[PDB]
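Report on the structure given below.
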Amino acid sequence: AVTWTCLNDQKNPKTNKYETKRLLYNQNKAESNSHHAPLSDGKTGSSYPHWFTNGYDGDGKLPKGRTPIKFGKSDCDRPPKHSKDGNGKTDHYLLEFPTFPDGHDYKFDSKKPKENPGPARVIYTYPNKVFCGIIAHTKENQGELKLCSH
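For the sequence shown, full-length UniProt numbering gives the first residue as 28, with consecutive numbering after it.
In structure tokens form, the structure reads like this:
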């Protein structure tokens, strides 16, 4: 359906240089992976799906240098009322699952061991899970998560 593509900088060990590769993700897989994982902030093996601060602190306000990934939604931009385990009575926090391009459902339940996650991640509310988009770290898997574009 939709093709969420991101541009992450990979430090190729062969060339010891940073290259900007195009990480194409299939929304169908993101909206699917997210429709497989349980809706609970840090309550699984790999912890995932973990609450996505989205720049927020866990209430609605943002720390020093407010940079909340703007998806273009009112609920995705809404204050993510993240509780203890982000699982109250009707918690509406923005979760961030590590979505894969292959379209597999990474073992997010596998605590130990637990292979390294992915750069591009799926973002979606709860329990609505109104798939907002995919975001990836323009610098490998750490740099500011730039909302991929389809």
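Each residue gets a CB set at the ideal place from its N, CA and C atoms; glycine is no exception.
- Its Cα nearest to that of residue 136, the residue 74 stands out among 61, 74, 55.
- Under the three-state reduction of DSSP output, residue 59 falls in the helix class.
- The region 122-136 and the region 52-66 touch, with three or more beta-carbon pairs separated by less than 8 Å.
- Counted as a single uninterrupted DSSP element, the beta strand (DSSP E) harbouring residue 33 occupies residues 30-39.
- In this structure, residue 52 keeps its C-beta atom at 7 Å or more from the C-beta atom of residue 78.
- Between residue 138 and residue 82, the CB-CB gap reaches or exceeds 7 Å.
- In this chain, the beta strand (DSSP E) harbouring residue 124 covers 122-124.
- Contact holds between the region 140-157 and the region 114-128, because three or more Cβ pairs, one in each stretch, are under 8 Å apart.
- Rounded to whole angstroms, the separation of the alpha carbons of residue 165 and residue 111 is 30 Å.
- Close CB contacts of residue 47 within its chain, under the 6 Å cut and outside five residues either way in sequence, are with 34, 36 (chain order).
- Annotation for residue 158: 58, 151 place their beta carbon closer than 6 Å to its own, counting only its chain and skipping 5 residues before and after.
- Sorting 29, 123, 44, 87 by C-alpha distance to the C-alpha of residue 69 places 123 at the top.
- Within the same chain, and ignoring the five residues on either side of residue 29 in sequence, the residues whose Cβ sits closer than 7 Å to its Cβ are 54, 177.
- Its Cα nearest to that of residue 129, the residue 147 stands out among 140, 104, 141, 147.
- Using a Cβ distance threshold of 7 Å, residue 145 and residue 125 count as a contacting pair.
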